Every structure is written in C-alpha cells, then in structure tokens.
C-alpha cells in the first residue's frame, strides 16, 4: 500500500516542522519510548523515504501515533511539548573501546545475571555502557569459552 505512505512521510516532515522540531529531538523522544528503530538518521531516511516498503509500513503507524500524542502535548502550552520530548538530552559522545576497571566490573555483573546474551541484549548492554558493540560481544564470547 504505497502512495498512502509517501503522503504520510510528507505530512510528517511538515507537522514536525510545525511543532518546530528537529529530527534529532524526535529521535530522542522516540528512541526513549519506542526503540532504536527511531533514531535521527531513521527519521531522516523515513522522511526521505529511503527505506524498503516493509520497513516504512512498519514505522508509519508508530510515527503517526506518537506524532499525534506530541501534537496534543503541544496544545496545552508550547512547553508541554518540551515535557513530552526531552527536552535536551545532549551529550552525544563517542563509544569507548578501551576497558576501565569500572567497565569490566559492570560487564561481569551482567555476566552473573546473563552468561549467554542474545545479540539484542548485547546491543542494549553496550549502549548503556557506552562501549563499542564489538568490544562487548567479543568480551562475552571469550568469557564463556
């Protein structure tokens, strides 16, 4: 169901700009309550429609829902938008790779509670540790073996 979608992508960018919003902001609000599928790059790609049809179809409903909720918060006070968004999580910093004792301590705590992580669990762990994903997944791989 195609040109349906393209129109949504269209309206979305519009409505977004109308609530005076950056992809980055949405990115943050979204990834919080939804998931990593909702990063700023993702928003850009969606809006530009640089995704596969299977992917758009999936995203659309979840964008629409959220876009509405946001528009509601905007209604009561253009500072309730802010409540709903973030409104300024900001420290986009590079993912560490070199280990620190605090890091290895953390990794081990995770291990006692989860020796055989699924790959999703590995991305989740790495994100919150702010470590390279490969660094984390290999640590776990060896630790078992």
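Numbering follows the first chain given and starts at 1.
Undergrad: On average, which has the higher Cα B-factor in the deposited entry, 54 to 62 or 85 to 93?
TA: That would be 85 to 93.
Undergrad: Which is higher on average in the deposited entry, the C-alpha temperature factors of 28 to 36 or of 45 to 53?
TA: If you average the C-alpha B-factors of 28 to 36 and of 45 to 53, the larger mean comes out for 28 to 36.
Undergrad: What third of its chain's C-alpha B-factors does residue 101 belong to: lowest, middle or highest?
TA: Middle third, going by the recorded CA B-factors of the chain.
Undergrad: Residue 118's Cα B-factor: lowest, middle or highest third of the chain?
TA: Lowest third of the chain for residue 118's C-alpha B-factor.
Undergrad: Ordered by C-alpha B-factor within the chain, which third holds residue 10? Give me lowest, middle or highest, please.
TA: CA B-factor rank for residue 10: highest third.
Undergrad: Please place residue 107 in the lowest, middle or highest third of its chain according to the CA B-factor in the PDB entry.
TA: Lowest third - that is where residue 107 ends up once the chain's C-alpha B-factors are sorted.
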